[PDB]
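In the form deposited in one PDB entry, a lone chain appears below as structure tokens.
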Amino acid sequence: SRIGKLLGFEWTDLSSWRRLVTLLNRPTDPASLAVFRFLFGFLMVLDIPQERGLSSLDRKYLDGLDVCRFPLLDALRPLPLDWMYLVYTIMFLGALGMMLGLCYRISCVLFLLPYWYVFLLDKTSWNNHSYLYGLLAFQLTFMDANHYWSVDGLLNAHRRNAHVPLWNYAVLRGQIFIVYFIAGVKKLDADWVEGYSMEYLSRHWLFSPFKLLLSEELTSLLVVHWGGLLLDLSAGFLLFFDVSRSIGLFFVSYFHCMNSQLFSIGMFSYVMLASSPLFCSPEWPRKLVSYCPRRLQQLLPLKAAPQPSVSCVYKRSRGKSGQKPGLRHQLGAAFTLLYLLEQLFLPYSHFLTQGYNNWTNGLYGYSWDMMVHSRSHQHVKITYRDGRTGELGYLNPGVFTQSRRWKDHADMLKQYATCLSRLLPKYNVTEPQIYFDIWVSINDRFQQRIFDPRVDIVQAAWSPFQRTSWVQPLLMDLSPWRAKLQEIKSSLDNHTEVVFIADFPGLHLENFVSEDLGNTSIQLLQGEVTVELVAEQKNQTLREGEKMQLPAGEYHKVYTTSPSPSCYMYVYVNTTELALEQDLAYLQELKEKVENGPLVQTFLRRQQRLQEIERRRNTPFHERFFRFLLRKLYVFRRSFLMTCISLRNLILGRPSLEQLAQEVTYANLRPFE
């Protein structure tokens, strides 16, 4: 029975439906599940005021405001501010009840419903760990995790130290394994394997142990990219088996501990660190509290064998043949199988919803592809044409928005164009036609246009199951240029800058060179373009290799005429900035020499910034910890006070503007600064 020792079951248990149902309801110890429930509830309590935005609710959902919002379903709308505060209070109470184990099912539902409502209210805040939090709450709703270390069993003896069915652990282990394995198969991308995603991360001070035996390029290629991919692909197998459990635990602990310090991902690392003692035996808390000194063994609840439970089926050779599995056992087994299959399938469902497929497949947040793609934006231009007068105007990029994610997706762009169309008539503009011109580079590629600039977005066609037509394709057969681009960027001056641009045939780019941007030139690398100076009205054709100097404070255009896309580059210098720097340095040196034998004010304030940075570096970490604690306390106190004010308004009524202003002023006192 070697297989029966490695896997915990035998191949014959899967030969019939009844045997499978009997296996999946095997009694188990509930200690690990209770510890995980407690930790998850505590982390959600800590996370609600910080990342979910309880402290910025008044800014986000202010009454009487013109905002473009991006919900998944346009039929979903936010409530007034007071009802939003009530929703967040109910979510907080549910998380607290989940953590304490008191009224487990009601608290689970009270956390699950408003959390998912708030998640679906906004597409621009979706990430992978918020999706995981929703999934974990949904799973824990159907589990009986209040059978140990809880208030429910303290006040009710029928649910104290009882058994649990086996599929409770199976579902959670399967979820964790799915996350790990599908994160590593997503990182078998050519950008990740070749080292193009996280190229500057090895400059951190945490990687300095590895530089004692490797170069910086080798450290970036091996430790950051290949090491991360291998950990993701092997962590589940290392954790599942008992031979390699200890090494896997150490490796994943180090991985998550480093990730918690390199990035700002909320509570993701702590959630993952506390989901890894769930691959251990279900009795580990009991052994751990047994190994403690006997002095501290008389205050905890007395250790005893768990009592039988109804939810799990009992099969014994001597203790009766067994009972017929009722509806509960079959429903549990079916839920396990179907949920695991759906969670396997969903990350690879992008061929059905083609309307959400831009350069990158799908929306962001449910495919476990973290840090694989990085985006840089060069320019955004929005122009509207009046339908009554024909005049052309220009808007700021992102006037009525609160995020910047609308620049990367076509559904969000359609929503934004519609919201602008309905809002502009309030500003004495008849029915407009809106055109967008956005330049993006992904993973240090050439900059290019993501959408067609000649298409009126408000009247364009977009559907959830049809591939969008006004989305420009990514120029994939230009990536091998990145070596040359990096070499050209590296072999430059400390005062010059470069911009790399790839354009499609039949389109032109119009640029206005600023007054201070003297000594600007354009050089062609591939294809053929013609440059037109607007004032002098002189076309000029360029060939591969030559460069042309442009005037400052004037317009010019670049027309692409080759049958294939053509790439060129911009080189420019800030003559005003260099003159300012040189005169500042000269005057500072002269003054220093004279003494020892607003320009200066800017030099002195930059020096003061340097002094503050270096003195905070010299300051011990205790001051930083104190400041961090003070900021956290201020955030928590403000959230509580605003919630109290809103609840008082809802329950009693709005007293007066003067008292409301006084209370709002009180809530922003910065307790100890």
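Here the rigid core means the biggest group of C-alpha atoms that line up within 1.5 Å when the two forms are laid on top of each other. Heads up: residue numbers just count along the shown sequence, starting at 1. Residues that one form lacks are left out of the comparison.
Missing here is the form deposited in another entry; even so, the following discussion is about that form.
Engineer: Relative to the superposed core, which single residue of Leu302, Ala461, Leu341, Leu73 shows a CA shift of 2 Å or more between the shown form and the other one?
Structural biologist: Among the listed residues, the one whose C-alpha moves by 2 Å or more is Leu302.
Engineer: After superposing the rigid core, is the C-alpha displacement of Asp63 2 Å or more between the shown form and the other one?
Structural biologist: Comparing the forms between the shown form and the other one, which are aligned on their rigid core, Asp63 does not shift its C-alpha by 2 Å or more.
Engineer: After a core superposition, would you say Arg617 shifts its C-alpha by at least 2 Å between the shown form and the other one?
Structural biologist: Superposed on the core, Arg617 moves its C-alpha 2 Å or more between the shown form and the other one.
Engineer: Core aligned, does the CA of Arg605 move at least 2 Å between the shown form and the other one?
Structural biologist: It does, since the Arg605 C-alpha is displaced 2 Å or more between the shown form and the other one after the core fit.
Engineer: Taking the shown form as reference, are the C-alpha positions of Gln307 and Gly319 brought closer or pushed farther apart in that other deposited form, with a change of 3 Å or more?
Structural biologist: It is farther: in that other deposited form, the C-alpha atoms of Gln307 and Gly319 lie at least 3 Å more apart than they do here.
Engineer: Looking in that other deposited form, decide if the C-alpha atoms of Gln261 and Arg609 are closer or farther than in the form shown; they differ by 3 Å or more.
Structural biologist: More distant in that other deposited form, by 3 Å or more.
Engineer: After superposition on the rigid core, which segments of 3 or more consecutive residues show C-alpha displacements of 2 Å or more between the shown form and the other one?
Structural biologist: Segments displaced between the shown form and the other one after core fit: 291 to 302, 316 to 321, 598 to 620.
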